[PDB]
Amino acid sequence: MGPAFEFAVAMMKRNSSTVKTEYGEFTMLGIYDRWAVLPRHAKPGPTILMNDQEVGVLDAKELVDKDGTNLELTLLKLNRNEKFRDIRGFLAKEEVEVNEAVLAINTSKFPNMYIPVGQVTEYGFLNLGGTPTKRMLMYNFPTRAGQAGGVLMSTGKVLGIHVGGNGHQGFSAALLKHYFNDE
């Protein structure tokens, strides 16, 4: 298969899981150690269902930029023995544009789905659900319910996390390297 799909299969196999909260079912990406990322709307409580197993949440941080502006991502630390593969070397300093990317989703509704989305562009500012958000990535692709959390990727690059769309376009929160320096 294509080198990006080869990369995407490894990423979902080693670093993704299916997560259920009070607000629905999400693809979840582990970054390193016990730190993982979710869309902000997942709003995890004291515990989450991770591959249908109850996993305690030690700490959860909703990310904002220097401006206080929403980034639409939540970092949570998981109370589990297992460590995640350290994929921070696959994360960029700043936003990345690629001519072709893959969107990978792992939920009971979209199992093992790797969707080619083509051009990804820096979109910047966006009003999601009445909330101003920054650092959004755009890709022309019809988006449906249950895709939030999908991992947007290119060979050797994890670009961001799917967080919404408008029926003809998709939007990802960019996944920057310095978000994972310490917290």
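Residue numbers here begin at 1 and follow the sequence given.
Look at the C-alpha B-factors of 142 to 150 and of 27 to 35. On average they run higher in 142 to 150.
Stretches 159 to 167 and 7 to 15 differ in mean CA B factor, with 159 to 167 having the higher one. Split the chain's modelled residues into thirds by C-alpha temperature factor. Residue 58 is in the middle one.
Compared with the other modelled residues of the chain, the Cα B-factor recorded for residue 93 ranks in the highest third. Annotation for residue 136: CA B-factor lies in the middle third of the chain's modelled residues.
In the deposited entry, the Cα temperature factor of residue 115 places it in the lowest third of its chain's modelled residues. Ranked by Cα temperature factor within the chain, residue 100 sits in the highest third according to the deposited record.
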